[PDB]
Structures are given as structure tokens and as C-alpha cells.
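Just below is one structure, and these are the notes that go with it.
Values in this text are rule-based calculations from the coordinates and carry no lab data. Cβ atoms come from the backbone with ideal geometry, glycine included; neighbour counts cover every protein chain shown.
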Number of protein chains: 6
Amino acid sequence: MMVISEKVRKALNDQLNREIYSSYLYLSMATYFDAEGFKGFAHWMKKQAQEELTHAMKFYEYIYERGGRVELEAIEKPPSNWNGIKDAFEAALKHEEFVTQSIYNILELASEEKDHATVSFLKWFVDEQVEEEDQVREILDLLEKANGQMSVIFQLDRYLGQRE
Amino acid sequence: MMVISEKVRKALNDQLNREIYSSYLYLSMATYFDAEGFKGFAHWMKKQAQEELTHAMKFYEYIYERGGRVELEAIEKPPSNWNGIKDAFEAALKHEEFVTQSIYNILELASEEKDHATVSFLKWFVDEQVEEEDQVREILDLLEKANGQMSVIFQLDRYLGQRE
Amino acid sequence: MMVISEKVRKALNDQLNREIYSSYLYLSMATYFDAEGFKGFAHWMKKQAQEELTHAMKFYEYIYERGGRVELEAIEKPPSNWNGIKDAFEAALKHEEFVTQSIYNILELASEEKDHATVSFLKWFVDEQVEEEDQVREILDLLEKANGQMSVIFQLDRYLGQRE
Amino acid sequence: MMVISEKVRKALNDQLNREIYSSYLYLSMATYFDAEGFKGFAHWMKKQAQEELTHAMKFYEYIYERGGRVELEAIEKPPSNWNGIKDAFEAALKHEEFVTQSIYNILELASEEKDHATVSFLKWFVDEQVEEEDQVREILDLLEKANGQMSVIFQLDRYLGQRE
Amino acid sequence: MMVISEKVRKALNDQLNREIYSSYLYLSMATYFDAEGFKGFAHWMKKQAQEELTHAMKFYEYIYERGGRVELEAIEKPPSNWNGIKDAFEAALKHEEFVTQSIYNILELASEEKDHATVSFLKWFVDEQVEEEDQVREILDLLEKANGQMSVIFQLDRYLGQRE
Amino acid sequence: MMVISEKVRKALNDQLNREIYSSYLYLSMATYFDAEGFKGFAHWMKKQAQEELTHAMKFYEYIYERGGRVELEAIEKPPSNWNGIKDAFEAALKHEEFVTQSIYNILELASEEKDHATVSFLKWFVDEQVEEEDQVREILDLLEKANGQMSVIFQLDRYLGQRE
Ligand SMILES: CCCCCCCCCCCCCCCCCCCC
Ligand SMILES: CCCCCCCCCCCCCCCCCCCC
Ligand SMILES: CCCCCCCCCCCCCCCCCCCC
Ligand SMILES: [Mg+2]
Ligand SMILES: [Mg+2]
Ligand SMILES: [Mg+2]
Ligand SMILES: [Mg+2]
Ligand SMILES: [Mg+2]
Ligand SMILES: [Mg+2]
């Protein structure tokens, strides 16, 4: 028997599909950075894409743990070009903030149905999203300071290219 | 400057998106096996999905290596239900034979244009596909023998669930 | 279901039996050399016989990998006697060159049928044959220098006797 | 000079060719098991075939050790189809019992000629045949009990596939 | 006996002499960089020159393996000067692209003769050329970004000076 | 600024190109020993050829150390054929004696100019030339004791083929 409601199960399945799209968007940003010759930023984005797949799978295993099941939906075609490095990381921040709000909406839906197990499960993602948004804000800050200077950009590209 | 033809880039780009679809299909098979309580079969498919990502990224990196650019496309919704374990594995075999023909068509195209670099790059996929088809054919032959006997299926689930 | 044509499977199965005979021929050479007290030339021929069996088993596993089966045929009696050291090795070389041409014929047949999997599997043997032929030519060269001087042949015997 | 009679030499040379045939017979049994999809039974037979070849080379070396010469004969085409698993192993047991009687005939011939060296040398094979026949009788007993039940047959396959 | 045709042996020997010139051209680029004070760039070229010698020796050993003979020809004086760092690396890329087409020409010749051993042997060079051209394309892309800014040139020089 | 006289720089640059020719000559000799089936002698010459390049590069580095530049010149085609093993090594010895006298001429020139730094630099090559000459003479003496006995030639081929 499924002990999440269908409404909560749908919200969770929807978020899992959003996490898959996040992964794909970030790979698309890698394709841009690689085309522009910034292999470090592209590497950063490939690691981020893998990271989003772990989020997808966290939702996956929770849905099954609660007796639901996962239905994978079509993945929309992501954007594949940006007006520059900053424009790309700004889109990432905007995306991550939208993901944060999507998670908040599930949390409030679970709280209104008194699904305390799902409220509690989602705490992990609330905390993770703080980290996710702020790592992008940090990079955007460095790019605002570098102000186009290839000297600095080179070293940032190499720094982010070290992400484990 | 791009040293692959536009027609070969498009074939390689297309195949990269087929590898992503292949990854997603196998993840959908996992959602089905998990919904049916076969955590070992599902585990096997999750590993297969990750393996297909490695194929996509081999295409990714070769395209940039030849001066091209990757464009990510929409990913179609895969089926999410099969008529039992053997049906899912028959579909998987059919999918891998389709992938193999897709790979053959690029090789032949590349050969016709005398793109020896791409013909040689594609050898690795030719040899991998043979291994991929064989792995599924072997699982199918065992399930044909088992004739749905639950004790045989349980041992096969535990074995596939140990895949690294 | 078999994914090689019957024609290609027959070609491979025929070459499998050819590798078996190659093994037996070289053992027969070991019987000649062991008879003339050359225990080192005999040791080399017994190593070559064991290597031909690895060749046969490589075709074996590929045939089954592609859904065919193997049928073992009768093995013709090999020659048991040779006019001298260099008479035997020149039969070796002529045999290995016949093997190479048989391999080439399978390659061209597969290529004509667009069986890229078999064309690629055969690359391994095309490269080994280069080595198999070269090792005999080298030995014939060392013989055509020693000019029957048992002092040198005590060393040539000694050296082939060290083959691992 | 030869210090075995020609009759004892012919007896030993015949037995060497018989062990070569034994090796080929078990390899044919492997082609059957693999065709039937039992890679563990097939593995056991491949290991047997390699062992039947150590037997041949022991005769080989004794013959040269007594001043005789080996001559390799044609090898007959082995059977390639059995009715089922148990029939193949039964044919294996029948073959080993025939090999045992063949060894006995040499022993009794060497004993008549007072060739005490050959008599002593053959004790190894006598004792070894006891083990070869026993190991096949054990498998047959398990297969009799399995009574065609595929759940059990699969368990035997896996076990015999671990043979070292 | 030489088992390669004279036309193929000539093409191969010609390529070998082309690899020697390649080595010498990169040494000459080293002489230019060392004169301009870029020890790191010069170091990169000195390692590249040693790498071309391994290419030459690979060709050398294959020729003798197919019963042919190597004849060393005169080496042209390479250019001694370039109009800046980018100019040198553009010359390097143009040379490696010419080397790649030279190799392609041998492969198409060997394939027309059905000289499969040589077609197969040249695969290694087809794959290596992909990397040789791409490593130079990557250097040229960073140099474009640096745009003559010495603080970035120093960064690239010390990095290329790390090449092992 | 250059602190060697242009005359000394031209002599050093000339010798650098002479060491490059020496490397090429010794490789040509390897082409001859390999054509003749003496792989160990061929091996010795290949090792000598690499050693020759270290000599070249010691001149290279000293020229830049004194503020000069290197200019690479064309490399003449070497001979490829000797009348026998001893003929090749006699030619090697005569070449090295020529190199020794070329080095002496540079030392005498530098001495005439009171270029004490270059005089001292060249001491290394004076001592090394004594060795390079001695090792060819040792080999010629062993060839003379061998007196065409292929027994001994084979042992020297193998010994020289062990050179590190
Ligand atoms: C070099 C690092 C490469 C990272 C590749 C990241 C790829 C993410 C692509 C997103 C596509 C999603 C659709 C397939 C999902 C498969 C999930 C398998 C998870 C077990
Ligand atoms: C050193 C002795 C080698 C003699 C070979 C003679 C060939 C006769 C053919 C007999 C069949 C032998 C079967 C070989 C089985 C190999 C199975 C290995 C598993 C990979
Ligand atoms: C470590 C040395 C630094 C760079 C070496 C540069 C060589 C330039 C090209 C030389 C041309 C003459 C050919 C000599 C061939 C030597 C063969 C060696 C075989 C292992
Ligand atoms: Mg996420
Ligand atoms: Mg794939
Ligand atoms: Mg063979
Ligand atoms: Mg036996
Ligand atoms: Mg090269
Ligand atoms: Mg020198």
C-alpha cells in the first residue's frame, strides 16, 4: 500500500523530473562552456549535473520507501547558449532559486496534509539548496570582481576545473 | 575550426542524444522493477543507466576534440511498464540491437566521407555493443529456462543486484 | 537468436578448426625435433601449440557471443617428419601465411556483408599474424646464418628452449 | 636406442592419440553445453579437455624417455549433440571407462613383456582414472536426483563452473 | 621475403622520414622559443620533438616486421623563425594536419591493396593525430584569449613547461 | 646579449649540427644491422643515436647559456650500406675520430680568443670522445677475435643488444 497521498506522490515525482532536467540544463551549460573554450567551467558544470542526478535518486528511493512509484516524463530541450560566462551562472542561480521554491511548495503541501515523514525528508533539500544557491552567488561575485580580465578568468576557470 | 563534416557532427550529436535516451530508458526499467519489488533487477538497470551516460560523454568529448559543438535535444518519455521481467529484458535487447544499427549507420557514413578518425573512434562502440547485446541475451536465455519459477528468479535478482 | 549470418559463422567455425589443426601441426613438429634430440626447438613448438589453442578459443567465444554455436570437425593427420631444422620452420612459415590469408578472407567477407562487429573482432588476429609470421622469419634468418654449425645450433636450440 | 619394444611403443603412442581424442571429445561436449546455455557445465568440460592434454604429454615424454618416437594420427570428428545434460555426462563416464580399459590393456601387455618400467609408469594413470570416473559418477548422481528440475540443474551448473 | 608491396613500403618509409622532419621542425621551434625567452614553450617543443621520434621508430619497426628495409633520406632545413608565439603554434597545427592527411593517404593505399595488416597498424596513428591536432588547437585558443597580455602568456609558458 | 664571439657561436652551432648528423648516421647503421638480421647490433646503434642527441643538446644549452641562439641546418643523407659488421663499426670509429678533431678545432679557436668558459665547457667532450672512441675499438677487437665464427657473433649481437 502507498502511504503517501497521490497528491504528495505527484509533487515528489514532479520534483524528481525537475531534478533530472536540472542535470540536463547543467550539461547544456557545459556544452556552451566547452564551445567557448573554458574547460574548467565546463568541468564544474559536468560535476553539478552529476550532483543533480543524486538529488533525483534521493527522491526516487523515498517514493519507493513510501510505497509509491516513479514515472519518468519527457525532458524539455534546455537552452544551449548564453551571452557570456556571467549570463550562464546567472541562469544557474535563477534556476536553483526556482528549484528551492518548488521544494518549498512540496513542503507546505506535505505540512497541510500532515505528512510529517515527507516534511522531515525534505529538510535535507532545504539545507542543500542554501548551499547550492550560495555557491553560485559566490562565483557570480568573483566574476563581478574580475570584470572581464582574462588574467583572473583564467585562474577562476582553473579553480572551478578542480572541483571534485 | 571544425574538422568533421556537418553531416558527421549531426550523426554524432544525434547518437549522443540516443545514448542519453538509452540511459533514461534503463532508468525507467528500474522504476518498473522497483515497483514490482525486484531491487536487484532494478539495481542492474541503474548501473546500466550510468554506463550509458559514459557512452554519451565519450561522444561529447570526441565532438569537441574535432572542433564541433554538442547540442542537447529533448528526451522522449520512455515506456514505464513492461509485462513482467522477461518482457523488460526482451525490450532491452531490442533496444541494444537498435543502438547497434544506429552506430553502424554512423560508421558507414563516416567511411563514405573518408573520415578515418571517426571510423576508428566508433570501433570501441562496435565492440561494446556486442558485449551489451550478449549480456542481455544471456539473461534472457536464463529466464527462458526458468519458466517463471520464483526460486530461479530470486537467485537471478540477487546476482544482478551485485553488479558493480 | 544468431546475429551473424550462416556464411560468416561457417567462416569463423572453419577458421576455428584451422587453428586447432595449427596446434596439432606444431605438436607434430615437436615430435620430429624431440626425435632428433633438439629439446629446445621442441619446447618452442609445444609453446606454439598451446598458443594456437588460445587462438581457437578466441573464435569459440566470439561465435557464441554472436549467438552461433561451434561444430568441431575431424583433424587431418599432420606430417611427422622434415628434411631438417630449416625444412620444418619453412613449413611453419608457409602455414602461418596460409592462416593469415584465411583470416583476410573472413575479414573481406564480413566487410562485404556490413558485419562491422566481426570485422572489428578480426583486427586482433590480423595483428597477431604479423607477429606470428615475423617470429618464424627471424628464426629462419638465424638458421641461414648458422649454416649447420652444431656449435651455433646448440645456442639456437638453447635460446628457443627459453621461450616462456 | 629404443628400450621399449615396438609393441609397447605402439601401445603408448595409440594411448597418446586416444587422450588427444578425449580432449577433443570434452571440448565438443563444451560446444554442446554452451549451445544449450549452460556456461558452467561448459567450463567444467573445457577444464577437463586441458587435463586430458596433460595426460597426452605425459605419454609423449615417457615415450621419448625410453628412446621411442611419437607419431600423431588423425583425430575423428566427435559427436556434437546429446539428448540432454545427463546424457552428455553419461557419455563422458562411458568414455573414461573405455580409457581405463585401454590403460589396463597396455599395463597387461607391458607386464607380459616384463617391461617393469612401463608397468610402474602406468600406475599413475590407473589411480587417476579411478578419480576421473568417480568425479563423473558423482555428477551423474546429482543429476539423477535433480530429475530434470531446472532450479537444481542451475545450481549444479554454477558449482561446476567454479572448477579450478 | 618482404610481404608489403614496394608501393606501401615506400609510402611507409616516406612517412617515417616525415616523422623525423616533424621532430626536427619542433626542435627548431624550441630554438625560436628559447631565443625569445620562453623556456616553457621551448620545453613543450623539445618534448614534442622526442614524441615525433617515437612515431618514426614505430614506423621503422613495422617496416622491418613486414620484411622491408628503412632508408633514411636527407632532412630539409626547417624554418628558424616565426612572427610570434601564435604564429609558431599555427605552423605546428598546419604541419600536424598535413601529417594527418599523409597518414590517411597511406591508409587508403593500403586498403586499396587489401593490405589489412598495414591498414590496422595505421589506426594507432589515426587516433594519435586526433590528439596531436587538438592539443595544438587548445593552445591556440588560450593564446587568442590571452590576446598578447604578458601576465597570461607567463601562465601558459609555465604550464606548457610542466609537460612530462 | 651574447658573450661568445660570433665565430665561437658559429663553431658551436656547427658542432651541434654535427652531433645531429652523428645521431642520424648511427640510426642509418641500425637500418643496416636490422636489414641484416642483427637486432642486438641494431639496438646498440639506436641507443648510440639517442646518446648523440644528448650531445647535441649539451651544445644547445651552452649556446643559450652564453646568450647565443641555435640555428638548425639541413642534415645530409647518411650512407645506408656497409660491406659487413666490421665495416660498419670501422666507419663508426672513423666518424667519432672526425668528431674528436672537430671538437679540438673548437677548443683551439676558443683558446685563441681567451674564451675560457668555452674552453672549459669543451673539456667534457674531450674526455667523452676518448670513451666514445674506446668503446668502438673494444667492439672492433671482439669482432676480430670472433674471426667470422657466427657462434661468437651471435653472442656479441646478444651482448650489445643488452645496452641500457
Ligand atoms: C565527466 C562527467 C560527466 C557527467 C555527465 C552528467 C550527465 C547528466 C545528464 C542528464 C540526463 C538525464 C537523463 C538520464 C538519466 C539517467 C540517470 C541514471 C542515474 C542512476
Ligand atoms: C602442449 C600440448 C598442446 C597440444 C595441442 C594438440 C591439439 C589437439 C586438439 C585437441 C583439443 C584440445 C582442446 C583444448 C581446450 C581448451 C579450452 C580452454 C578454455 C579457454
Ligand atoms: C631529449 C632530446 C631533446 C629533443 C631531441 C630532438 C631531436 C630532433 C630531431 C633529430 C633528427 C635526427 C634523427 C635522430 C634519430 C635518433 C633515433 C633515436 C631512436 C630511439
Ligand atoms: Mg537539485
Ligand atoms: Mg550505449
Ligand atoms: Mg593461429
Ligand atoms: Mg584422460
Ligand atoms: Mg607525428
Ligand atoms: Mg658526439
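Numbers at a glance
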quantity	calculated
Filtered residues of segment C:32-81 (kept if in contact (Cβ under 8 Å) with a residue 24 or more places away in the chain and at positive phi)	C:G67
Residue satisfying all of: in segment D:1-44; touching a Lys or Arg at 6+ places or on another chain (Cβ under 8 Å), at the interface with chain C (Cβ under 10 Å from one of its Cβ atoms) and buried (at least 21 other Cβ atoms within 10 Å of the Cβ); farthest from D:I153 (Cα to Cα) among these	D:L27
Segment C:45-68: number of residues that are more than 11 Å from chain D (Cβ to nearest Cβ), within 16 Å of the chain's Cα centre (by Cα) and not aromatic (F, W, Y)	8
Subset of segment E:41-55 that is polar (S, T, N, Q) and within 9 Å of E:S23 (Cα to Cα) - its residue that is nearest to ligand 7 (Cβ to nearest atom)	E:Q50
Residues located in segment D:144-155, provided they are surrounded by 14 or more Cβ atoms within 10 Å (Cβ to Cβ) and in contact (Cβ under 8 Å) with a residue 40 or more places away in the chain	D:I153
Residue within segment D:12-26 that is among the acidic types (D, E) and either under 30 Å from B:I139 (Cα atoms) or assigned to a helix (DSSP H, G or I) (or both) present	yes
Contacts under 7 angstrom Cβ, first residue in segment D:127-143 being away from chain B (no Cβ under 14 Å), partner away from ligand 8 (no atom under 16 Å from the Cβ) and of a type in the set (D, E), 6 or more apart	D:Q129/D:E96; D:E132/D:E96; D:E133/D:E96; D:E133/D:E97; D:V136/D:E96; D:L140/D:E90
Index of the failed condition, E:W124 passing every other in (1) of a type in the set (F, W, Y); (2) more than 28 Å from F:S28 (Cβ to Cβ); (3) more than 14 Å from chain F (Cβ to nearest Cβ)	(2)
Index of the failed condition, B:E61 passing every other in (1) within 13 Å of ligand 5 (Cβ to nearest atom); (2) of a type in the set (D, E, K, R); (3) under 24 Å from E:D141 (Cα atoms)	(1)
Hits in segment C:98-107 - residues which are surrounded by 14 or more Cβ atoms within 10 Å (Cβ to Cβ), within 12 Å of another protein chain (Cβ to nearest Cβ) and either over 18 Å from E:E65 (Cβ atoms) or within 16 Å of ligand 8 (Cβ to nearest atom) (or both)	C:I106, C:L107
Odd one out for C:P78 among (1) under 14 Å from the mean Cα position of the chain (by Cα); (2) in a loop (DSSP other than H, G, I, E, B); (3) away from ligand 2 (no atom under 16 Å from the Cβ)	(3)
Residue within segment A:114-122 that is crowded, with 16+ Cβ neighbours inside 10 Å and among the small types (G, A, S) present	no
Residues satisfying the stated conditions in segment D:69-97, i.e. buried (at least 18 other Cβ atoms within 10 Å of the Cβ), within 9 Å of another protein chain (Cβ to nearest Cβ) and farther than 21 Å from C:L72 by Cβ	D:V70, D:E71
B:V99 vs. criteria assigned to a loop (DSSP other than H, G, I, E, B) and either more than 16 Å from ligand 9 (Cβ to nearest atom) or within 30 Å of B:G161 (Cα to Cα) (or both)	no
Pairs with Cβ under 8 Å, 6+ apart, first in segment E:85-99 and more than 14 Å from E:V130 (Cα to Cα), second acidic (D, E)	E:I85/E:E36; E:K86/E:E144
Criterion violated by B:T118 - all others in (1) part of a loop (DSSP other than H, G, I, E, B); (2) more than 14 Å from chain D (Cβ to nearest Cβ) satisfied	(1)
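Residues checked against (1) more than 16 Å from ligand 4 (Cβ to nearest atom); (2) within 18 Å of F:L53 (Cα to Cα); (3) aromatic (F, W, Y):
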residue	(1), (2), (3)
E:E6	yes, no, no
E:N13	yes, no, no
E:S23	yes, yes, no
E:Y26	yes, yes, yes
E:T31	yes, yes, no
E:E36	yes, no, no
E:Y64	yes, no, yes
E:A74	yes, yes, no
E:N81	yes, no, no
